[PDB]
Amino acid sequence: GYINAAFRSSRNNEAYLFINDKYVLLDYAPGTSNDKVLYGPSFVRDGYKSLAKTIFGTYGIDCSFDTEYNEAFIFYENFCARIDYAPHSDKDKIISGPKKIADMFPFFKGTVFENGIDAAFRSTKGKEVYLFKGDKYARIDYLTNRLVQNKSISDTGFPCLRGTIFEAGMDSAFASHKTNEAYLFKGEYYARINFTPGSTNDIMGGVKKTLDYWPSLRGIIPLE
């Protein structure tokens, strides 16, 4: 039971992390630690009124990514929804869905992404998102609803992950409030990366143990 999904809040330096059927709201304070739990751990169904009687409320959220304003796509197995997460209030609502992935994103039909997605993060470019499944990644535009390029190997688009535990897949991710940086998680490990839409990038600090650098998560992960 490690971090299964995450997205960047519209609130500065804040991020929602999903673990099993629970979530935490974190001030992740980039470049220090110093990170601090703001809310949770609590059941998704308790913190998100609009998700209470849904599969997301029962089983939690296994992938997500922020889009714009106070909205985010959330996933569980082959299903997804777009929600308004109304940060710091009880006014969350389902905007679109819930739908199967294939009905929300027709271009994933007959692909490995059809039955579920491992992780995703929001790009700094237009309305683009990177999504990950097994050792593959996709790059999409969620507004025009299109695949920007062929699905390919994670290391083809992210050469800096060659030779690390992340080359074979990742469990969760979110974009930082710092431009062109992102966090990737897998088991007890994380990495902070600098990406640039195009190619040639780097890992800032290498693969670190998560609890060594996110002290706020000590009594939380791994969740029994």
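Residue positions are given as counts along the sequence shown, with the first one as 1.
- Between the stretches 127-135 and 150-158, it is 150-158 that shows the larger average CA temperature factor.
- Taking only CA atoms, the mean B-factor in the PDB entry is higher for 32-40 than for the other of 168-176 and 32-40.
- Ranked by Cα temperature factor within the chain, residue 63 sits in the lowest third according to the deposited record.
- Placement of the Cα temperature factor of residue 92 within the chain: middle third of the modelled residues, per the deposited record.
- Ranked by C-alpha B-factor against the other modelled residues of its chain, residue 25 falls in the middle third.
- Among all modelled residues in its chain, residue 194 ranks in the highest third by Cα B-factor.
- Residue-level temperature factors show residue 220 in the highest third of its chain, judged at the C-alpha atom.
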